[PDB]
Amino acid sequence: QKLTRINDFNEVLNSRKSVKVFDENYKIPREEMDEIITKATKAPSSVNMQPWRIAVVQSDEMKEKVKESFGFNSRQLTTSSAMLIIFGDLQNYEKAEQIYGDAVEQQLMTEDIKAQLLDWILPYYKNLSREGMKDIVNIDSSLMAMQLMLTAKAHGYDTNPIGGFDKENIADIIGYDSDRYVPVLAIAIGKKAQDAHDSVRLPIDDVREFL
């Protein structure tokens, strides 16, 4: 099965499904993984603070270290080209200067406006509770995740989003500071070896209401 790119928006959305068995002999070139991640990170985020951080778990070394933490999802882990583990940086505002300074350098805003924005943004973010900030980073990182899955599909790959992993211990196992980086979601990615099962969705009346 040739890798087959998909250019049509509706066809990408329609083909995005949870594949759970990938081709073990297919590895995604780094340059292509970086293109996919670059596209995903164009996602929006609260005050453009981009709190998402991705561990691209490709080696047998690291996969083996995290295998038990993935429990009944071991076969996605085993067969995938990579297991992407998406964390949220609870001190994401540490990059405010870099990010907003980049906007100034790229002539998207003046320094004057950068200072006026950051004068309210920084105290707001710094004063958030841990729980409030966890909510923020979970939401932003998930927005990026969805765009990642769609882009992966456009490139001809398939994914499986995964929450059934040990979120209490995963940062420690991989070596990230568990006080600062909270795991949000994992995404298995690769070339499909088995078709996804189709799934149902609720009737629209069960999920939206006009007011």
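Note that residue numbering follows the sequence shown and begins at 1.
For residue 69, the recorded CA temperature factor ranks within the highest third of the chain's modelled residues. For residue 20, the recorded CA B-factor ranks within the highest third of the chain. Only modelled residues enter the ranking. When the CA B factors of the chain's modelled residues are split into thirds, the value for residue 155 lands in the lowest one. The PDB entry assigns residue 163 a C-alpha temperature factor belonging to the highest third of its chain's modelled residues. Ranked by Cα temperature factor within the chain, residue 55 sits in the middle third according to the deposited record.
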